[PDB]
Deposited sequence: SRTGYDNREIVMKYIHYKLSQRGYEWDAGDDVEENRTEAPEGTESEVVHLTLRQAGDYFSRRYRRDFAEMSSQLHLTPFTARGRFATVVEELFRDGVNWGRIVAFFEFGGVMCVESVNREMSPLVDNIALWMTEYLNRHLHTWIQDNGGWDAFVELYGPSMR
């Protein structure tokens, strides 16, 4: 599995579901799990998107501080889904705040963090295939 195209296809979906235009069960599983998670934490996500205050030279710091605080006490599948949902929120806010080019950079950050800081736990927990067996259709 290529973590890059997982990020690209998820980000493309999250932006297309908002009106912006930017091997498959994993993408559908991440889609369903992320949509349910964003619905369950709608108030927390509304407060998060309101207090983001995205600027070109603060987006990476806000992204990092939330990601490391999310994975500070370990990794699980739910925190990975929240990681994906958080990236989608940051891409939507980037498009929302006259900063569409930021989407590309965000996609490179997610890919990098997946390839360098989550690939070990994922492989040591059955990989993305185990993610689809547990919470996928």
Practice task
Would you mind checking the deposited sequence against the model and listing the stretches with no C-alpha coordinates?
Solution key: 1-4, 27-44, 160-162
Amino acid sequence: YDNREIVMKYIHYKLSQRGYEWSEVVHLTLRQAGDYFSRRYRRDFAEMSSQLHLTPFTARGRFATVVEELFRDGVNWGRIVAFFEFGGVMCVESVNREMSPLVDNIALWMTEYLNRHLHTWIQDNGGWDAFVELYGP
From here on, numbers count along this sequence of modelled residues.
Exercise for the section: Please work out which of 77-85 and 94-102 has the higher mean CA B-factor as recorded in the PDB entry. Expected result: 94-102
Fill in the blank from the handout: For 10-18 versus 111-119, entry-based mean Cα B-factors point to 10-18
Exercise for the section: Have a look at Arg42, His27, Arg72, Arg60 and flag the one whose Cα has the highest B-factor in the entry. Expected result: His27
